[PDB]
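First, one chain by itself: the form deposited in one PDB entry, in structure tokens.
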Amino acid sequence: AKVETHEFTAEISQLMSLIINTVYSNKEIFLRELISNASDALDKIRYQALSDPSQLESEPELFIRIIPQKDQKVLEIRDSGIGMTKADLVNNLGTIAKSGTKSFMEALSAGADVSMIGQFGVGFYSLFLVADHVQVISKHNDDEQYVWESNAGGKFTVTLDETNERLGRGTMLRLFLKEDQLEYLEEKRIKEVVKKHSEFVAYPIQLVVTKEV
């Protein structure tokens, strides 16, 4: 019932201004990066299941699901991966991301493409290419379901989730797309991006199409 507010590190805040203001074309790579993150989180629960199969029981299916919400201008990406606890969310997965954000920005100056972002472990922030506002709903076996949210601007919130559909286990990103990026709500377009950049993913990718009004 309480919204906890936190401030991003200066380096994450710097990475976020760069991405929000980048003139970079090929902005579609955000979807590869989020699918790759979903795949990695799924690999983790697969791995844990080797020694503790019961950890899978909170959500027995291993999947990635993409759900355009045209009415809300929101693209959701959901996985049944291992999830994030409150502490993980509050810390924006620090250290794994802290160091990468600074390296990624140095790599850019030395000629790297923005498409290399994921090689620095911070591909998550590529969503700012196409969205200015994002919710991260997540459920880890060892914590409750939480919602992390940011409109950028150097701050984010983390709130216990009492309103959303239960994930069981895993994470759902909700991207509030920018007005010029609404093509990523279209079934045709999403299938192209997935086929071009994520053809070899080790998990079924489900796309939800909703009968239009």
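A residue's number is simply how far along the shown sequence it sits, counting from 1. In this text, rigid core is short for the largest set of C-alphas that superpose within 1.5 Å between two forms.
Quick note: we don't show the form deposited in another entry, though the next part is all about it.
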note = Superposing on the rigid core between this form and the one not shown, the only one of 134, 129, 74, 97 with a Cα displacement of 2 Å or more is 97
request  = Specify closer or farther for residue 95 and residue 160: how their Cα atoms are spaced in that other deposited form versus the shown form, given a shift of 3 angstroms or more.
outcome  = closer
remark   = Evidently the Cα separation of residue 27 and residue 97 changes by 3 Å or more in that other deposited form, so the atoms lie farther
